[PDB]
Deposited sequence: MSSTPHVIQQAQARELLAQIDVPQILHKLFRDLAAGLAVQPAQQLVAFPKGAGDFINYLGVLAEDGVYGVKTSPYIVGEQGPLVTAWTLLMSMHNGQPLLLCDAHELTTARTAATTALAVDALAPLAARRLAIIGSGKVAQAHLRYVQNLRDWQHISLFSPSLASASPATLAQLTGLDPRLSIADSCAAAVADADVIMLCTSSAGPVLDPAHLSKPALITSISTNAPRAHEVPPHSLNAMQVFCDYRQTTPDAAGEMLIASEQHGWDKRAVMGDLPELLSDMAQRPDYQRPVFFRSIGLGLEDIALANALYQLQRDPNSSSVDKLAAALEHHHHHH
């Protein structure tokens, strides 16, 4: 120790791990106080040259804690996780967490789609076509008897067989509105700073999920729309004070956090469709540390 895991081996090890299962466990443990989610810290480089965020997790029950450091340089974004022992204070693992991040994000949304989507859902929209959107598809393509799956990004008109080759039910829409038309579940998987979908423009109640974080107060629905949605999120205690649409809604549209009807801890320990349903994830250090730990236990 410490084992140093570069990208290739990390991906090989990633493939041998049930991320949905690991995060499922992590949330029930968080619900029971067996894991602790510390605050993130963000530090700007001088002269616009970029930022870095440190994400933390304490897995008390497993006797490990960690930091993922993610620099954004000018646009290069990497991620590395250091796992430390709570028993002897020594480093266990230093792991390239670039792919681990993508997986946990999609698997976290996935857990929320499983807990929240109505059992008989048939139509799926994915907005965004990057790796996070593809992972989202990979991790939700089996959760329901989807008849139809729609995908839209701007760039998609102007490589297309990869996208349609991830599922036989997937077709490229020419517009957001086409993709989401008649959708039971809509997964917003974009880099967008600002709204990509108004829930007022829906033909029926849907489950809407959102993951965009790359911007100060980045958000994918209109902040006012939270007041018209049944609102869920990854963690009650952290996400409302950082999710852009949630801040803006509370500062300007009189939205109160107490309107949050459940987080994943509450959903997955059973403590938590006449209106649309909104699920917000912004990423939790605990997800990063859980995953790195799973690699560490696998690496032994």
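In this chain, the deposited residues that lack C-alpha positions fall in the ranges 1-3, 78-81, 166-169, 284-287, 316-336.
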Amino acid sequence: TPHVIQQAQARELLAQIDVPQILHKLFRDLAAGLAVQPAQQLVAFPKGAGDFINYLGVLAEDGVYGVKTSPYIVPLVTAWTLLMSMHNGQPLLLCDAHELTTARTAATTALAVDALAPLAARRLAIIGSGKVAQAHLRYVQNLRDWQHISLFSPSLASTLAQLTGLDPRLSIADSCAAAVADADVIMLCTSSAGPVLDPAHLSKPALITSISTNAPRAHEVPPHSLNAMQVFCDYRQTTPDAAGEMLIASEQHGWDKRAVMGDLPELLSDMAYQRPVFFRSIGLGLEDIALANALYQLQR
From here on, numbers count along this sequence of modelled residues.
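Higher mean CA temperature factor between 127-135 and 146-154: 146-154, per the PDB entry. Of the two stretches examined, 252-260 and 54-62, the record assigns the greater average C-alpha temperature factor to 252-260.
If you compare the C-alpha temperature factors of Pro223, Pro91, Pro205, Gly194 in the entry, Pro205 comes out highest. Going by the entry's values, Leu160 shows the largest Cα B-factor out of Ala97, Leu188, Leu82, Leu160. In the deposited entry, the Cα temperature factor of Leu42 places it in the highest third of its chain's modelled residues. Among the modelled residues of its chain, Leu170 has a C-alpha B-factor that falls in the highest third according to the deposited record. Sorting the modelled residues of the chain by their CA temperature factor places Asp234 in the lowest third. Looking at the C-alpha B-factors along this chain, the one for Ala200 belongs to the highest third. For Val67, the recorded CA B-factor ranks within the lowest third of the chain. Only modelled residues enter the ranking.
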